[PDB]
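The next block is start-v1.txt, given as compact mmCIF, C-alpha atoms and all ligand atoms.
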```txt
# COMPACT_ATOMS: atom_id res chain seq x y z
CA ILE A 2 0.00 0.00 0.00
CA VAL A 3 2.82 2.41 0.84
CA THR A 4 4.35 3.79 -2.33
CA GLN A 5 6.89 6.34 -1.10
CA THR A 6 10.24 5.08 0.16
CA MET A 7 13.44 6.98 0.89
CA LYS A 8 15.99 6.86 -1.91
CA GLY A 9 19.63 6.25 -0.89
CA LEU A 10 18.89 5.39 2.72
CA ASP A 11 21.85 5.05 5.06
CA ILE A 12 20.42 2.85 7.79
CA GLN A 13 23.59 3.15 9.84
CA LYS A 14 22.90 6.86 10.23
CA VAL A 15 19.38 6.42 11.68
CA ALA A 16 20.83 4.94 14.86
CA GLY A 17 20.13 6.56 18.20
CA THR A 18 17.36 7.93 20.35
CA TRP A 19 13.94 8.51 18.81
CA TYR A 20 10.65 10.09 19.86
CA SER A 21 7.33 8.88 18.48
CA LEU A 22 5.85 12.36 17.94
CA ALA A 23 2.77 11.04 16.12
CA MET A 24 1.17 7.78 14.90
CA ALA A 25 -1.56 6.84 12.41
CA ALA A 26 -3.36 3.64 11.42
CA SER A 27 -5.74 2.56 8.67
CA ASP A 28 -7.92 1.13 11.44
CA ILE A 29 -9.00 2.92 14.62
CA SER A 30 -8.72 -0.44 16.38
CA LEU A 31 -4.96 -0.50 15.88
CA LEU A 32 -4.41 2.64 17.91
CA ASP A 33 -7.60 3.42 19.90
CA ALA A 34 -6.83 1.98 23.36
CA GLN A 35 -3.43 1.93 25.07
CA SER A 36 -3.34 -1.85 24.64
CA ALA A 37 -4.04 -1.41 20.93
CA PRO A 38 -1.77 -3.60 18.79
CA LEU A 39 0.21 -1.03 16.83
CA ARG A 40 0.31 1.44 19.70
CA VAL A 41 4.05 1.32 20.29
CA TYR A 42 6.55 3.91 21.42
CA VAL A 43 10.05 3.91 20.03
CA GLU A 44 12.99 4.22 22.37
CA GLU A 45 15.84 3.93 19.91
CA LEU A 46 16.85 2.71 16.47
CA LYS A 47 19.76 0.23 16.46
CA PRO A 48 21.02 -0.84 13.03
CA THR A 49 23.29 -3.89 13.00
CA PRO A 50 26.59 -3.94 11.12
CA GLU A 51 25.25 -6.60 8.72
CA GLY A 52 22.53 -4.05 7.92
CA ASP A 53 19.67 -5.43 10.03
CA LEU A 54 17.50 -3.17 12.21
CA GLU A 55 17.11 -3.73 15.95
CA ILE A 56 14.22 -1.62 17.29
CA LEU A 57 13.73 -0.65 20.93
CA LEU A 58 10.24 0.44 21.96
CA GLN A 59 7.70 0.46 24.79
CA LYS A 60 4.17 -0.86 24.68
CA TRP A 61 1.33 -1.15 27.16
CA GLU A 62 0.65 -4.75 28.03
CA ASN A 63 -1.68 -5.93 30.80
CA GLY A 64 -1.83 -2.67 32.74
CA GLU A 65 1.89 -1.89 32.46
CA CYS A 66 4.46 -0.15 30.27
CA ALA A 67 6.80 -2.89 29.06
CA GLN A 68 9.93 -2.29 27.02
CA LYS A 69 10.07 -4.51 23.93
CA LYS A 70 12.78 -5.44 21.44
CA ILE A 71 11.93 -6.04 17.81
CA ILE A 72 14.24 -6.99 14.94
CA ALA A 73 13.75 -5.80 11.36
CA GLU A 74 15.66 -7.91 8.83
CA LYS A 75 17.14 -6.12 5.82
CA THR A 76 15.81 -6.91 2.35
CA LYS A 77 16.95 -6.29 -1.22
CA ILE A 78 15.50 -2.81 -0.93
CA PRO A 79 17.51 -0.66 1.49
CA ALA A 80 14.40 1.05 2.94
CA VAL A 81 12.33 -2.11 3.40
CA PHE A 82 12.76 -4.49 6.34
CA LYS A 83 10.85 -7.55 7.51
CA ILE A 84 9.83 -8.19 11.08
CA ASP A 85 10.48 -11.87 11.77
CA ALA A 86 6.97 -12.94 12.72
CA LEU A 87 3.52 -14.30 11.94
CA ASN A 88 1.76 -12.99 8.81
CA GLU A 89 5.02 -11.30 7.76
CA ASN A 90 4.98 -7.55 8.15
CA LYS A 91 7.08 -4.98 6.34
CA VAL A 92 8.80 -1.92 7.81
CA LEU A 93 9.23 0.89 5.30
CA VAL A 94 11.32 4.01 5.81
CA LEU A 95 9.45 6.73 3.92
CA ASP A 96 11.83 9.60 4.58
CA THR A 97 14.42 10.96 7.02
CA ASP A 98 17.12 13.60 7.50
CA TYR A 99 18.72 11.35 10.11
CA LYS A 100 19.22 14.14 12.64
CA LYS A 101 15.77 15.71 12.87
CA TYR A 102 13.01 13.28 11.90
CA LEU A 103 12.22 9.87 10.42
CA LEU A 104 8.94 8.77 8.83
CA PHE A 105 8.35 5.04 8.56
CA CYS A 106 5.37 2.68 8.35
CA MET A 107 4.39 -0.94 8.94
CA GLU A 108 2.09 -2.81 6.56
CA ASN A 109 0.98 -6.42 6.81
CA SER A 110 1.46 -8.16 3.46
CA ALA A 111 -1.55 -9.63 1.62
CA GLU A 112 -3.70 -6.96 3.29
CA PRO A 113 -2.69 -3.31 3.35
CA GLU A 114 -5.47 -1.12 4.84
CA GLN A 115 -6.59 -4.08 7.01
CA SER A 116 -3.13 -3.60 8.57
CA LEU A 117 -1.03 -0.44 8.29
CA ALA A 118 0.32 2.17 10.67
CA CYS A 119 2.81 5.00 10.40
CA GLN A 120 4.86 7.05 12.80
CA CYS A 121 6.67 10.37 12.85
CA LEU A 122 9.98 9.89 14.71
CA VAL A 123 11.88 12.87 16.05
CA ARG A 124 15.24 13.09 17.79
CA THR A 125 14.15 15.55 20.53
CA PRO A 126 11.01 15.82 22.73
CA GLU A 127 10.12 18.96 20.78
CA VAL A 128 7.16 19.09 18.47
CA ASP A 129 8.46 19.65 14.93
CA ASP A 130 5.80 21.29 12.74
CA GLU A 131 8.08 20.87 9.75
CA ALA A 132 8.18 17.09 10.20
CA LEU A 133 4.43 16.87 10.94
CA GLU A 134 3.92 18.54 7.59
CA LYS A 135 5.90 15.80 5.84
CA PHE A 136 4.11 13.14 7.83
CA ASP A 137 0.67 14.44 6.91
CA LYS A 138 1.72 14.94 3.30
CA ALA A 139 2.90 11.33 3.03
CA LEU A 140 -0.25 10.06 4.66
CA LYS A 141 -2.49 12.33 2.61
CA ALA A 142 -2.97 9.48 0.13
CA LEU A 143 -2.97 6.59 2.60
CA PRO A 144 -6.34 5.39 3.95
CA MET A 145 -5.76 6.33 7.59
CA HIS A 146 -8.59 6.55 10.12
CA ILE A 147 -6.96 7.32 13.47
CA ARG A 148 -4.25 9.96 14.09
CA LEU A 149 -2.39 10.60 17.37
CA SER A 150 0.09 13.26 18.51
CA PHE A 151 1.97 13.81 21.75
CA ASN A 152 3.36 16.73 23.71
CA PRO A 153 6.90 17.27 25.04
CA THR A 154 5.69 16.22 28.51
CA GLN A 155 4.12 12.95 27.38
CA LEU A 156 7.25 12.34 25.31
CA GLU A 157 9.47 12.35 28.40
CA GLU A 158 7.05 9.83 29.95
CA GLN A 159 7.21 6.06 29.59
CA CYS A 160 4.45 5.02 27.20
CA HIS A 161 3.75 8.72 26.68
CA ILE A 162 1.56 8.64 29.75
CA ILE B 2 -8.25 -24.01 6.44
CA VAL B 3 -9.32 -25.97 9.51
CA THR B 4 -12.57 -27.80 8.83
CA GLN B 5 -13.17 -29.84 11.98
CA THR B 6 -14.61 -28.08 15.02
CA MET B 7 -16.06 -29.53 18.21
CA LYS B 8 -19.85 -29.73 18.23
CA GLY B 9 -21.61 -28.63 21.45
CA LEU B 10 -18.54 -27.17 23.10
CA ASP B 11 -18.85 -26.14 26.73
CA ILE B 12 -16.06 -23.58 27.04
CA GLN B 13 -16.68 -23.21 30.76
CA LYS B 14 -15.61 -26.82 31.22
CA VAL B 15 -12.21 -26.42 29.50
CA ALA B 16 -10.98 -24.24 32.35
CA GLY B 17 -7.92 -25.25 34.33
CA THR B 18 -4.36 -26.41 33.96
CA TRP B 19 -3.13 -27.56 30.56
CA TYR B 20 -0.01 -29.18 29.13
CA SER B 21 1.12 -28.55 25.56
CA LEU B 22 2.02 -32.18 24.79
CA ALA B 23 2.64 -31.50 21.09
CA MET B 24 2.55 -28.68 18.51
CA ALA B 25 2.48 -28.47 14.70
CA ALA B 26 2.70 -25.68 12.11
CA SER B 27 2.20 -25.35 8.37
CA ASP B 28 5.58 -23.60 8.31
CA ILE B 29 8.79 -24.84 9.94
CA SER B 30 9.61 -21.19 10.64
CA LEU B 31 6.69 -20.91 13.06
CA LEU B 32 8.08 -23.54 15.39
CA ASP B 33 11.76 -24.20 14.50
CA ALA B 34 13.66 -22.07 17.04
CA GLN B 35 12.62 -21.41 20.64
CA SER B 36 11.92 -17.78 19.71
CA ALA B 37 9.71 -18.98 16.85
CA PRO B 38 6.42 -17.06 16.71
CA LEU B 39 3.86 -19.78 17.37
CA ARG B 40 6.11 -21.63 19.79
CA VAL B 41 4.02 -21.09 22.89
CA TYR B 42 3.38 -23.19 25.96
CA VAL B 43 0.00 -23.16 27.63
CA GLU B 44 -0.24 -22.77 31.37
CA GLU B 45 -3.99 -22.71 31.79
CA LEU B 46 -7.30 -22.09 30.05
CA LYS B 47 -9.48 -19.42 31.72
CA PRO B 48 -12.94 -18.92 30.19
CA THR B 49 -14.75 -15.75 31.26
CA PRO B 50 -18.36 -15.78 32.44
CA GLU B 51 -19.44 -13.76 29.38
CA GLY B 52 -17.98 -16.63 27.35
CA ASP B 53 -14.62 -15.12 26.36
CA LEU B 54 -11.37 -17.09 26.63
CA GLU B 55 -8.40 -15.87 28.67
CA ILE B 56 -5.30 -17.92 27.84
CA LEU B 57 -2.21 -18.22 30.04
CA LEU B 58 0.99 -19.38 28.36
CA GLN B 59 4.78 -19.07 28.34
CA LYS B 60 6.97 -18.11 25.43
CA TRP B 61 10.67 -17.59 24.91
CA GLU B 62 11.47 -13.96 24.30
CA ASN B 63 14.97 -12.47 24.17
CA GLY B 64 16.77 -15.30 25.95
CA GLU B 65 14.13 -15.80 28.63
CA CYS B 66 10.93 -17.71 29.43
CA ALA B 67 8.24 -15.06 29.83
CA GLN B 68 4.68 -15.78 30.91
CA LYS B 69 2.13 -14.17 28.57
CA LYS B 70 -1.60 -13.52 28.76
CA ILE B 71 -3.74 -13.69 25.65
CA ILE B 72 -7.49 -13.12 25.29
CA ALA B 73 -9.68 -15.00 22.83
CA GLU B 74 -13.00 -13.26 22.17
CA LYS B 75 -16.06 -15.47 21.64
CA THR B 76 -17.77 -15.47 18.25
CA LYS B 77 -21.11 -16.65 16.87
CA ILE B 78 -19.62 -20.13 16.67
CA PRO B 79 -19.02 -21.60 20.13
CA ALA B 80 -15.71 -23.26 19.11
CA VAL B 81 -14.25 -20.26 17.29
CA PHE B 82 -12.58 -17.33 19.08
CA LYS B 83 -10.70 -14.28 17.85
CA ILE B 84 -7.45 -13.05 19.31
CA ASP B 85 -7.69 -9.26 19.54
CA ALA B 86 -4.72 -8.34 17.38
CA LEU B 87 -3.08 -7.45 14.07
CA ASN B 88 -4.07 -9.48 10.99
CA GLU B 89 -6.90 -11.05 13.03
CA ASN B 90 -6.26 -14.65 13.97
CA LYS B 91 -8.79 -17.33 14.82
CA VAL B 92 -8.61 -19.90 17.62
CA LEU B 93 -10.51 -23.09 16.84
CA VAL B 94 -11.28 -25.87 19.29
CA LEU B 95 -11.17 -29.05 17.21
CA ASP B 96 -12.06 -31.53 19.93
CA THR B 97 -11.89 -32.17 23.69
CA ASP B 98 -13.14 -34.43 26.48
CA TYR B 99 -12.50 -31.60 28.93
CA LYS B 100 -10.74 -33.79 31.48
CA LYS B 101 -8.11 -35.58 29.40
CA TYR B 102 -7.17 -33.63 26.28
CA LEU B 103 -8.01 -30.64 24.08
CA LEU B 104 -7.06 -30.14 20.43
CA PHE B 105 -7.17 -26.60 19.11
CA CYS B 106 -5.52 -24.59 16.34
CA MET B 107 -4.73 -21.02 15.31
CA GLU B 108 -5.08 -19.83 11.71
CA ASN B 109 -4.46 -16.35 10.37
CA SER B 110 -7.38 -15.25 8.20
CA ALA B 111 -6.83 -14.41 4.52
CA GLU B 112 -3.93 -16.89 4.54
CA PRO B 113 -4.26 -20.37 6.02
CA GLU B 114 -1.10 -22.46 5.36
CA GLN B 115 0.99 -19.24 5.40
CA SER B 116 -0.15 -19.12 9.04
CA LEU B 117 -1.51 -22.09 11.01
CA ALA B 118 -0.46 -24.07 14.04
CA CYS B 119 -2.09 -26.68 16.24
CA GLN B 120 -1.54 -28.05 19.70
CA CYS B 121 -2.44 -31.14 21.69
CA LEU B 122 -3.35 -30.03 25.24
CA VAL B 123 -3.40 -32.53 28.08
CA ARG B 124 -4.36 -32.13 31.72
CA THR B 125 -1.41 -34.10 33.18
CA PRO B 126 2.34 -34.21 32.36
CA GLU B 127 1.78 -37.73 31.04
CA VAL B 128 2.09 -38.55 27.38
CA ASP B 129 -1.33 -39.66 26.13
CA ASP B 130 -1.01 -41.90 23.07
CA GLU B 131 -4.78 -41.87 22.71
CA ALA B 132 -4.83 -38.08 22.36
CA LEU B 133 -1.78 -38.05 20.04
CA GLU B 134 -3.75 -40.36 17.80
CA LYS B 135 -6.61 -37.85 17.59
CA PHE B 136 -4.17 -35.02 17.07
CA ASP B 137 -2.41 -36.76 14.19
CA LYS B 138 -5.72 -37.84 12.70
CA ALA B 139 -7.03 -34.27 12.70
CA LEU B 140 -3.82 -32.98 11.21
CA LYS B 141 -3.61 -35.78 8.66
CA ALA B 142 -5.35 -33.51 6.16
CA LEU B 143 -3.78 -30.21 7.21
CA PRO B 144 -0.62 -29.07 5.39
CA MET B 145 1.74 -29.24 8.37
CA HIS B 146 5.53 -29.22 7.99
CA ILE B 147 6.95 -29.19 11.52
CA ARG B 148 5.80 -31.42 14.42
CA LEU B 149 7.01 -31.26 18.04
CA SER B 150 6.39 -33.44 21.10
CA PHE B 151 7.54 -33.19 24.71
CA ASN B 152 8.30 -35.56 27.56
CA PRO B 153 6.92 -35.53 31.13
CA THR B 154 10.20 -33.95 32.31
CA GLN B 155 10.15 -31.10 29.79
CA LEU B 156 6.47 -30.63 30.61
CA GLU B 157 7.24 -29.87 34.26
CA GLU B 158 9.80 -27.31 33.03
CA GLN B 159 9.11 -23.68 32.19
CA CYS B 160 9.13 -23.36 28.40
CA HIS B 161 9.53 -27.13 28.26
CA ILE B 162 13.25 -26.65 28.64
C1 LIG C 1 3.32 -0.35 14.00
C2 LIG C 1 4.78 0.08 14.03
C3 LIG C 1 5.80 -0.75 14.39
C4 LIG C 1 5.44 -2.14 14.76
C5 LIG C 1 5.38 -2.77 15.92
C6 LIG C 1 5.05 -4.12 16.32
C7 LIG C 1 4.65 -5.13 15.26
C8 LIG C 1 5.08 -4.39 17.64
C9 LIG C 1 4.81 -5.66 18.27
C10 LIG C 1 4.88 -5.93 19.59
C11 LIG C 1 4.56 -7.21 20.21
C12 LIG C 1 5.70 -8.09 20.64
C13 LIG C 1 3.26 -7.50 20.36
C14 LIG C 1 2.64 -8.73 20.92
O1 LIG C 1 2.33 -8.56 22.20
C15 LIG C 1 7.23 -0.49 13.87
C16 LIG C 1 8.25 -0.34 15.01
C17 LIG C 1 7.70 -1.67 12.97
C18 LIG C 1 7.27 0.76 12.96
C19 LIG C 1 6.39 1.88 13.42
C20 LIG C 1 4.95 1.42 13.37
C1 LIG C 2 -0.25 -20.72 17.94
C2 LIG C 2 -1.17 -21.00 19.11
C3 LIG C 2 -1.67 -20.04 19.93
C4 LIG C 2 -1.28 -18.64 19.65
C5 LIG C 2 -0.44 -17.81 20.24
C6 LIG C 2 -0.03 -16.44 20.00
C7 LIG C 2 -0.63 -15.69 18.82
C8 LIG C 2 0.89 -15.92 20.84
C9 LIG C 2 1.43 -14.58 20.80
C10 LIG C 2 2.33 -14.06 21.66
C11 LIG C 2 2.88 -12.71 21.59
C12 LIG C 2 2.36 -11.68 22.53
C13 LIG C 2 3.85 -12.52 20.68
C14 LIG C 2 4.57 -11.26 20.36
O1 LIG C 2 5.74 -11.20 20.99
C15 LIG C 2 -3.00 -20.27 20.70
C16 LIG C 2 -2.83 -20.11 22.21
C17 LIG C 2 -4.07 -19.25 20.22
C18 LIG C 2 -3.59 -21.66 20.37
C19 LIG C 2 -2.56 -22.75 20.24
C20 LIG C 2 -1.66 -22.43 19.06
```

What is this structure when it is put down as structure tokens?
Amino acid sequence: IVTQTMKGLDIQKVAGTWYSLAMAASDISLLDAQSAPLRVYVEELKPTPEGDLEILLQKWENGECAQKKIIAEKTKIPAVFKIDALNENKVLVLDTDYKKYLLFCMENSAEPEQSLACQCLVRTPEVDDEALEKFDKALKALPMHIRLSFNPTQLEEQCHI
Amino acid sequence: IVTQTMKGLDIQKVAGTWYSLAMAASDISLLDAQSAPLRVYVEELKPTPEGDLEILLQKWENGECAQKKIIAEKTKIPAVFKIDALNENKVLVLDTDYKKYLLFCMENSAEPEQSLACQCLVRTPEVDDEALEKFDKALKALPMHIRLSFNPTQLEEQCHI
């Protein structure tokens, strides 16, 4: 479903601390409650020397903020990664300047809109209107139905509480 | 993909302690390693008074046996439940005598064989040849590619170590 990817991505560069400024899904159910499936908060991006992508995040599970560790396996396309799991899901980097923001999404193969969510990652706990612009632009086509956004205070909180 | 379900199921009855005697998937990848997605060990079945199905299990995550809690939502069909998550997955009870064994499976909608795994649940840490018969019978049609089985000793171990 996602048609924009970042040309000439340097995945090494995207390493470090990240803030999930905003999130969007094609289904309200994926983001509605705090225990919603794709409602995850990114701690840091950790690209492996063989070009894989270790992702650190938090996610509410059974009344508690629990840090999680996911691994995105590199594919032929530099901006597309596969999360080693059921139903196979892709991780697409849409766009990034490495030092300010990063836009990427997650779509479940064989069923886009019935599985798809995007985030706007920023380096600091500052809201970046510039980045939000790019994020909305990119999503302007996508069939999104829920949209979230956090404030500097929630961003310094675990699970953006 | 799964075509046999248990007529006249009394989900209340299946409550209690359960042993994952054996497991099978349509994909070796779902069960191969200990961190394999559908490689989960069931602790106990807990059916809710409104007829939902709370499931307690263990599952290896990042070099550690971690207890997990999943919830299967009742559907129009008494033996079919839906696990509240991405890609929507069904939980089907194939057959049970409530006090000896329980056969159920998990298939991911819109893609059977590219997502499907079954277990043979027993009440005691004893291997039940009778039950294994039924489990193999039921799977005899299904396009399974990996098959596991545990021993009383592994069954009294967390994560059947
Ligand atoms: C949606 C989303 C992401 C996916 C996260 C997943 C699939 C988390 C799974 C967590 C677990 C272990 C859940 C089971 O309890 C990634 C970071 C790819 C990119 C940004 C959007
Ligand atoms: C295969 C299988 C089961 C499914 C388990 C699942 C889907 C576990 C998910 C765990 C998490 C939270 C993983 C993310 O890290 C159930 C008990 C339905 C029935 C027996 C076969």

Polymer residues at most 10 Å from range 153-157 of chain B, only C-alpha atoms, same-chain spacing of 3 or more positions, as an mmCIF file with C-alpha atoms, in the frame of the given file:
```cif
data_model
loop_
_atom_site.group_PDB
_atom_site.id
_atom_site.type_symbol
_atom_site.label_atom_id
_atom_site.label_comp_id
_atom_site.auth_asym_id
_atom_site.auth_seq_id
_atom_site.Cartn_x
_atom_site.Cartn_y
_atom_site.Cartn_z
ATOM 1 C CA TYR B 20 -0.010 -29.180 29.130
ATOM 2 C CA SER B 21 1.120 -28.550 25.560
ATOM 3 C CA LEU B 22 2.020 -32.180 24.790
ATOM 4 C CA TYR B 42 3.380 -23.190 25.960
ATOM 5 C CA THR B 125 -1.410 -34.100 33.180
ATOM 6 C CA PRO B 126 2.340 -34.210 32.360
ATOM 7 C CA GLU B 127 1.780 -37.730 31.040
ATOM 8 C CA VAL B 128 2.090 -38.550 27.380
ATOM 9 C CA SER B 150 6.390 -33.440 21.100
ATOM 10 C CA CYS B 160 9.130 -23.360 28.400
ATOM 11 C CA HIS B 161 9.530 -27.130 28.260
ATOM 12 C CA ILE B 162 13.250 -26.650 28.640
#
```

Output as a Markdown table one row per residue of chain B within 9 Å of chain A: the closest atom pair and its distance in Å to one decimal place, counting all atoms listed in the file, sorted by chain and residue number ascending.
```
| residue | atom | partner | partner_atom | distance |
| --- | --- | --- | --- | --- |
| B:30 | CA | A:86 | CA | 8.9 |
| B:31 | CA | A:87 | CA | 7.4 |
| B:37 | CA | A:86 | CA | 7.8 |
| B:38 | CA | A:86 | CA | 5.8 |
| B:39 | CA | A:87 | CA | 7.7 |
| B:63 | CA | A:70 | CA | 7.9 |
| B:70 | CA | A:63 | CA | 7.9 |
| B:85 | CA | A:38 | CA | 8.2 |
| B:86 | CA | A:38 | CA | 5.8 |
| B:87 | CA | A:38 | CA | 6.2 |
| B:88 | CA | A:116 | CA | 6.4 |
| B:109 | CA | A:88 | CA | 7.2 |
| B:111 | CA | A:111 | CA | 7.7 |
| B:112 | CA | A:88 | CA | 8.1 |
| B:115 | CA | A:88 | CA | 7.2 |
| B:116 | CA | A:88 | CA | 6.4 |
```

Note to self: Using all atoms listed in the file - which residues lie no farther than 12 Å from the point (23.7, -4.0, 4.4) in the file's frame? Write them as a list in words.
What the structure shows: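 Every residue inside that radius is included here: residues 10, 11, 12, 13, 48, 49, 50, 51, 52, 53, 54, 74, 75, 76, 77, 78, 79, 80, 81 and 82 of chain A.
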
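If you count only C-alpha atoms and ignore residues fewer than 4 places along the chain from range 130-132 of chain B, what sits within 9 Å of it is residues 101, 102, 103, 104, 121, 122, 123, 136 and 137 of chain B.
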
Next item on the list: For ligand LIG 2 (chain C), list the contacting residues at 7 Å or closer, counting all atoms listed in the file, as a ChimeraX atom specification.
Entry: /B:38-41,43,56,69,92,105-107,118-120

Margin query: For a quick check of understanding, using all atoms listed in the file, which of B:3, B:45, B:24, B:84 has the smallest distance to ligand LIG 1 (chain C)?
Written below: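 When distances to ligand LIG 1 (chain C) are compared using all atoms listed in the file, the smallest one comes from B:84.
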
Checklist line | Spatial neighbours of range 139-149 of chain B, max dist 7 Å, only C-alpha atoms, sep filter under 3 positions, as number ranges by chain | finding: B: 23-29, 32, 114, 135-136

Axis-aligned box for all listed atoms of ligand LIG 1 (chain C), 3 Å per side, centre and edges in Å to one decimal, as lines of an AutoDock Vina configuration file:
```
center_x = 5.3
center_y = -3.4
center_z = 17.6
size_x = 11.9
size_y = 16.6
size_z = 15.2
```

Checklist line | CA of residue 58 in chain A to CA of residue 35 in chain A, distance in Å rounded to a single decimal | finding: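 So the two atoms, CA of residue 58 in chain A and CA of residue 35 in chain A, lie 14.1 Å apart.
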
Notebook entry, point to check: In Å to one decimal, how far is CA of residue 151 in chain B from CA of residue 96 in chain B?
Noted result: 20.2 Å

Next item on the list: Compare B:16, B:60, B:33, B:2 by their minimum atom-to-atom distance to ligand LIG 1 (chain C), counting all atoms listed in the file, and give me the closest one.
Entry: B:60

Check: With all atoms listed in the file as the basis for distance, which of B:15, B:46, B:4, B:68 is at the shortest distance from ligand LIG 1 (chain C)?
Finding: B:68
